[PDB]
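Below is one structure; the comments refer to it alone.
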Amino acid sequence: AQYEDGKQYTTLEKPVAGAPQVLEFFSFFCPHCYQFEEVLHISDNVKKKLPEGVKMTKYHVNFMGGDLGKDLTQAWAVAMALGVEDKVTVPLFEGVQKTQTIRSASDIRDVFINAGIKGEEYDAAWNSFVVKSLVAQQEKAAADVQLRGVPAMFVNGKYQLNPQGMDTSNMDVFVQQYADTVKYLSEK
Ligand SMILES: O=C(O)c1sc(CCCc2ccccc2)nc1-c1ccccc1
């Protein structure tokens with residue numbers, strides 16, 4: 001067929017009950033994730049093709065970058081709690097990988113301050129149990145799919161995107177094939 005289990009996607013042996021509809025995992029330490037977000041804009045092109053009533057979830061992971069990787073997962077939780085993802089995604093990717101000016105939790109915090117999140121608002125979120133819960137949520141979803149690498153994307157806790165089994169020749173073609181595959185999967 002045109003879409004095949006094992007080709008553009010794979011099928012989890014242990015499907016995940018109740019998982020988010022479209023679930024993306026990334027790390028601000030992950031160079032391929034930088035490309036996905038800054039150059040390919042995968043998340044946004046997937047969204048632009050998703051059926052109505054399907055929501056996209058994006059979680060950070062701990063397994064890259066050691067101590068700072070874990071701080072970034074907490075900072076992504078802060079970004080979600082405040083709803084400022086679109087304000088800090090780029091400067092976090094660039095601070096970690098382009099300028100390499102993010103070396104500590106304080107440098108992470110500076111990015112939010114520079115984006116206009118007030119210092120008191122960031123600190124209260126950072127220390128909140130709402131944020132502790134979002135951290136564990138991100139960790140649980142990654143654990144549930146036994147996530148070893150990023151970037152990754154899952155649909156309905158059943159299908160894992162396989163960007164290698166796609167037509168990877170052209171890149172704009174690549175993005176749209178990735179996005180059409182997610183649409184197809186979300187329609188199964
Ligand atoms: O598995 C993956 O992550 C992907 S994604 C992709 C196509 C993206 C092209 C591109 C454009 C701009 C910047 C970076 C990359 N190819 C692969 C691949 C991986 C292992 C072996 C062969 C192919």
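Quick note: residue numbers are just sequence positions, from 1. First listed ligand is number 1; within each ligand, the first listed atom is number 1. Keep in mind that the numbers below use all heavy atoms, side chains included, and drop hydrogens, waters and symmetry copies.
- Within a 4.0 Å radius of atom 21 (C) of ligand 1, the protein has at least one heavy atom.
- Among protein heavy atoms, atom 13 (C) of ligand 1 sits closest to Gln35 OE1, 3.2 Å.
- Looking at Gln8, its side chain never comes within 3.5 Å of a backbone N or O of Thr181 through a donor-acceptor pair.
- With respect to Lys14 and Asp144, no salt bridge is recorded, no charged nitrogen being found less than 4.0 Å from a carboxylate O.
- Side-chain contact of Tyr184 with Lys188: a donor-acceptor pair under 3.5 Å is present, judged by distance alone.
- In terms of protein heavy-atom proximity, atom 5 (S) of ligand 1 is closest to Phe174 CZ, 3.8 Å.
- Using the six-membered ring where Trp is involved, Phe26 and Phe28 have ring planes that are perpendicular, over 60° apart on the 30 and 60° scheme.
- The backbone N or O of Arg103 sits less than 3.5 Å from a side-chain atom of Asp107, completing a donor-acceptor pair.
- Given atom 3 (O) of ligand 1, the protein heavy atom at minimum distance is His32 CD2, 3.8 Å.
- Of all protein heavy atoms, the one lying nearest to atom 18 (C) of ligand 1 is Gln164 CG, 3.4 Å.
- Looking at atom 10 (C) of ligand 1, its nearest protein heavy atom turns out to be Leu40 CD1, 4.4 Å.
- Looking only at protein heavy atoms, the nearest one to atom 2 (C) of ligand 1 is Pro163 CG, 4.0 Å.
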